[PDB]
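See structure below.
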2 protein chains.
Amino acid sequence: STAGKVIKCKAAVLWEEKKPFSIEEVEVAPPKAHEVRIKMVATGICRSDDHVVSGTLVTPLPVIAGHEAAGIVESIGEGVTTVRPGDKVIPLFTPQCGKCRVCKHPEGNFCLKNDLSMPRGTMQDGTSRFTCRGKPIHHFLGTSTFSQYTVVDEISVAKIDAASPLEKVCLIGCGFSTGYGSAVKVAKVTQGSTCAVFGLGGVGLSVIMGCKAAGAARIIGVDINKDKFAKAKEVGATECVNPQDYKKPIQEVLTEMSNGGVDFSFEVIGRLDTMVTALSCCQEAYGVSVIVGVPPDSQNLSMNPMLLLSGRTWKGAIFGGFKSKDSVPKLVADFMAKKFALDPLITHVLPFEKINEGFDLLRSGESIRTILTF
Amino acid sequence: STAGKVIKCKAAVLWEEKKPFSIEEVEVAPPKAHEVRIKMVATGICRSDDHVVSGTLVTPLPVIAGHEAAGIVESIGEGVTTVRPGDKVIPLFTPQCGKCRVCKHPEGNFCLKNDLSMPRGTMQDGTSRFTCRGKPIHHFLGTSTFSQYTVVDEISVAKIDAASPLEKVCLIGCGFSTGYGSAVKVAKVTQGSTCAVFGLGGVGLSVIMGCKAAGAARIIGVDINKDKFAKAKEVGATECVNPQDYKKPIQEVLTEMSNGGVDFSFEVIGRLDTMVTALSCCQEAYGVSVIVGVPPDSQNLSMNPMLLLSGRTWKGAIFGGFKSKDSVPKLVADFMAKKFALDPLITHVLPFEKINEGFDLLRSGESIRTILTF
Ligand SMILES: NC(=O)c1ccc[n+]([C@@H]2O[C@H](COP(=O)([O-])OP(=O)([O-])OC[C@H]3O[C@@H](n4cnc5c(N)[nH+]cnc54)[C@H](O)[C@@H]3O)[C@@H](O)[C@H]2O)c1
Ligand SMILES: NC(=O)c1ccc[n+]([C@@H]2O[C@H](COP(=O)([O-])OP(=O)([O-])OC[C@H]3O[C@@H](n4cnc5c(N)[nH+]cnc54)[C@H](O)[C@@H]3O)[C@@H](O)[C@H]2O)c1
Ligand SMILES: [Zn+2]
Ligand SMILES: [Zn+2]
Ligand SMILES: [Zn+2]
Ligand SMILES: [Zn+2]
């Protein structure tokens, strides 16, 4: 009943940095060629969405944020072949065009069509599908999931199992897959190894899940909020440390705890200082450190390259290294077969209309993931 | 006969920074338990030895430098099982104790007994075997090869083929193995890939050799001294670029030349700026950059961690990642079997007494390796 028509619906519009979202009516254009219009069902609150508010992650404003979500296709534009109306789908904030040198590379996943490295806040054609108060509104990462309806490019959506619980599998659209893949795919954690995970939010808990799935013998969680430790131990941390409890810098603490440095470390916060600390705490000759956290816009870290010359490996990744469109449906299938759990990440559920309360819960330290239902 | 006796011999002593070497008589104590005294046959001049002179690489002075060499065992201390008097040997500036967590790790080579991290300038037992004019003289990296005789710990020497030409295979003690291994072992260069090599001295040429051995399709040499380009092409560079020839930063030039970034880059100079440039020029999603150059003492680089978050891998290594005592004899055997060439690295052969002339050749840009002969 809405195919080819503008849809008026509610969205959470961010007009200004460091302000609440405005829940108000927007106009969502119908999908053009190779575009998909999605009726959203559930969306998680990821710290990266908060980074848009705080100006940590710069993207043009005004904007509809949201990138961790699941929904049902309402309509498809001309030439779409990979989804149909009524399909369950997860928007892909990292696209998979299938044609660029990264998509063709066996390891690569950061498709050259992404809108993360130099955000423009548009569709692939450089235009917007959203109007609010007669004004064009930017997209976010090609997804814009804080809306009852969004429009995405076909390379930014994956069809998932029709029997999927969308209020759970939305987490496969960012925080679970990122953390789990950072451990299993990017770091390639080994059986019997010692891991250190800096930051015990939804992504860091997913890193722990991946380290435990890979057979790590020790998984040391690191957080300044000791309220995060109980859940970290539930999902596989063998011990947790709060840097504020120690006189010495935590890289020295972790090096001593691991009898000379850890095998694998993960920065899952977004601070320059913890990226350098996480590198330093991995064993100097064979350690691996993975940056997962999003750094503050345009800021450089300072480090001594002797940390690398001795033999350390330092890498980072988007979306856990997963090729998004190939991997998301498989992750959903594995979830349905109980190969991993998502409930440990979900601490709060709210209606979409209470999105600002969901951000309050994240900012207070209380929540891991709040799932918003449309 | 010399066994069990102090040897008086000629050595090149560095009394203070930024002074010529002093060629004079030293006393070399006999080897203690688990030590080996070696009559030197040939030693190369590596830029790292010049770093000791320039204060780029801090180690206690006064010192007998030299770490890239080959010679013949004169005597062994009690308990030595791996070499005998008369054996051809290469001193190992990276030891292989076989007992530490690094030696037992499949991918580690920076043995915890090394004297590079936190240089003491001694034997393993914390004492020196060298005196000159009644003063104790420091060791360098457990090797000290700028002497007619040295004493090394057993874990810092490898027995090699008795038919080895020592005036060539001394380069397996540092520069060849470092560069070749940085390509084939540390980076794991792939067939058909595009590589960029920053710095076309003895080590950078050895990186090129390894990239070509690994089947790279394109190998771009980068040097500010265009006199280095002809030899770089001879050993496998497909093209060479001088940053001084361009208005743009060379990372932009290399990204354009490689249609979006190289597969593998190598920093083989020792500058903070070129370490960051070499990282930046590798493809943002799947590129790998290896730091080989020794950085200036206590200086930090500045970089944007988004370079890593998109998917790059950054690592460094000592001695090409090779476990030194296992690898050096095999590399010599491979050289004897014509698996690689050393002559392209050798531009000058001088008597040991001409050490200062050999350093002046390096500093002027006029040599690759000078081999000093005893
Ligand atoms: N690379 C990617 O693709 C990707 C995906 C998802 C999230 N992210 C980023 O990953 C980071 C974590 O996201 P999240 O899990 O949703 O966030 P979160 O829930 O805010 O978790 C971060 C955790 O870090 C803890 N923390 C803050 N400061 C410190 C400190 N100095 N030392 C130790 N712990 C500290 C904090 O208490 C919290 O539990 C954020 O920067 C995100 O933007 C990146
Ligand atoms: N990691 C290890 O185990 C190891 C081993 C051996 C050598 N090294 C280091 O590797 C580096 C190279 O050693 P080497 O080959 O003997 O030295 P080298 O022969 O002096 O070669 C260095 C090359 O870098 C070139 N160069 C200088 N500045 C620039 C610039 N700004 N841009 C581009 N090219 C430049 C220079 O012209 C020369 O050809 C030194 O820092 C050594 O200390 C490290
Ligand atoms: Zn692509
Ligand atoms: Zn996210
Ligand atoms: Zn060892
Ligand atoms: Zn050297």
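Computed from heavy atoms alone, side chains included, the values below leave out hydrogens, waters and symmetry copies. Proteins come first, then strands; the chains are lettered A, B, ... in the order of their sequence lines, and each starts at number 1.
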Inset, instruction - Would you check if A:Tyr149 and A:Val26 make a side-chain contact, meaning some heavy-atom pair closer than 4.5 Å? - result: no
Inset, instruction - Look at atom NZ of A:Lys113 and say whether more than 12 heavy atoms of other residues, nucleotides or ligands are closer to it than 6.0 Å. - result: no
Legend entry - A:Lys39 atom NZ: more than 12 heavy-atom contacts under 6.0 Å: no
Inset, instruction - Could you go through the side-chain contact (heavy atoms from CB on, under 4.5 Å) check for A:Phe266 and A:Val189 one step at a time? - result: CA-CA 11 Å; A:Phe266 301 86; A:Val189 171; 3.8 Å; yes
Inset, instruction - Please indicate whether B:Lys188 has more than 12 foreign heavy atoms, meaning atoms of other residues, nucleotides or ligands, lying under 6.0 Å from its NZ. - result: yes
Inset, instruction - Step by step, work out the salt bridge (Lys or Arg N to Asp or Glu O under 4.0 Å) result for A:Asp343 and A:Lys168. - result: CA-CA 7 Å; A:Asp343 286 346; A:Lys168 310 293 192 180; 2.8 Å; yes
Legend entry - A:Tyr180 and A:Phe340 aromatic ring geometry - parallel, tilted or perpendicular at 30°/60° bounds: tilted
Inset, instruction - Please check if atom NZ in B:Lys248 has more than 12 non-hydrogen atoms from other residues, nucleotides or ligands closer than 6.0 Å. - result: no
Inset, instruction - Could you tell me whether A:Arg133 and A:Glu24 have a side-chain N and a carboxylate O separated by less than 4.0 Å? - result: yes
Legend entry - Exceeds 12 heavy-atom contacts within 6.0 angstrom, atom CZ of A:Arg84: no
Inset, instruction - Kindly give the heavy-atom pair with the smallest separation between A:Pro296 and A:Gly270, and that separation in Å. - result: CD-O, 3.8 Å
Inset, instruction - Establish, from distance only, whether the side-chain atoms of B:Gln283 and A:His105 form a donor-acceptor pair under 3.5 Å. - result: no
Inset, instruction - Report yes or no: do A:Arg129 and A:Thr127 form a side-chain donor-acceptor pair below 3.5 Å? - result: yes
Legend entry - Separation between CG of A:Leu331 and CD1 of A:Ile160, rounded to the nearest 0.5 Å: 10.5 Å
Inset, instruction - Starting at CG of A:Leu200, measure out to CD1 of A:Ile368 and round the result to the nearest 0.5 Å. - result: 7.5 Å
Legend entry - Any A:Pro344 side-chain heavy atom under 4.5 Å of A:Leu205 side chain: no
Inset, instruction - Answer yes if the side chains of A:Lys325 and A:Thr82 hold a donor-acceptor pair under 3.5 Å, and no otherwise. - result: yes
Inset, instruction - Give a yes-or-no answer on whether the side chains of A:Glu366 and A:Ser364 include a donor-acceptor pair shorter than 3.5 Å. - result: no
Inset, instruction - Taking the side chain as every heavy atom from C-beta outward, state whether A:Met40 and A:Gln148 have any atom pair closer than 4.5 Å. - result: no
Inset, instruction - Under the side-chain contact (heavy atoms from CB on, under 4.5 Å) rule, what do A:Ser324 and A:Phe319 come out as? Steps first, then yes or no, please. - result: CA-CA 8 Å; A:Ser324 57; A:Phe319 196 59; 3.9 Å; yes
Inset, instruction - Considering non-hydrogen atoms only, spot the tightest contact between A:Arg369 and A:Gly175 and give its length. - result: NH2-CA, 3.5 Å
Inset, instruction - Indicate whether any N or O donor in one side chain lies under 3.5 Å from an N or O acceptor in the other, for B:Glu284 and A:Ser117. - result: no
Inset, instruction - Given side-chain contact (heavy atoms from CB on, under 4.5 Å), test A:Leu57 with A:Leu116 step by step and report yes or no. - result: CA-CA 9 Å; A:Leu57 177 58; A:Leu116 179 64; 4.0 Å; yes
Legend entry - Parallel, tilted or perpendicular: rings of A:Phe359 and A:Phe146 (30°, 60°): perpendicular
Inset, instruction - Start with the C-alpha distance between A:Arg271 and A:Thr277, add both sets of side-chain angles, then the distance that settles side-chain contact (heavy atoms from CB on, under 4.5 Å), and finish with yes or no. - result: CA-CA 10 Å; A:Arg271 296 174 61 82; A:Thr277 289; over 6 Å; no
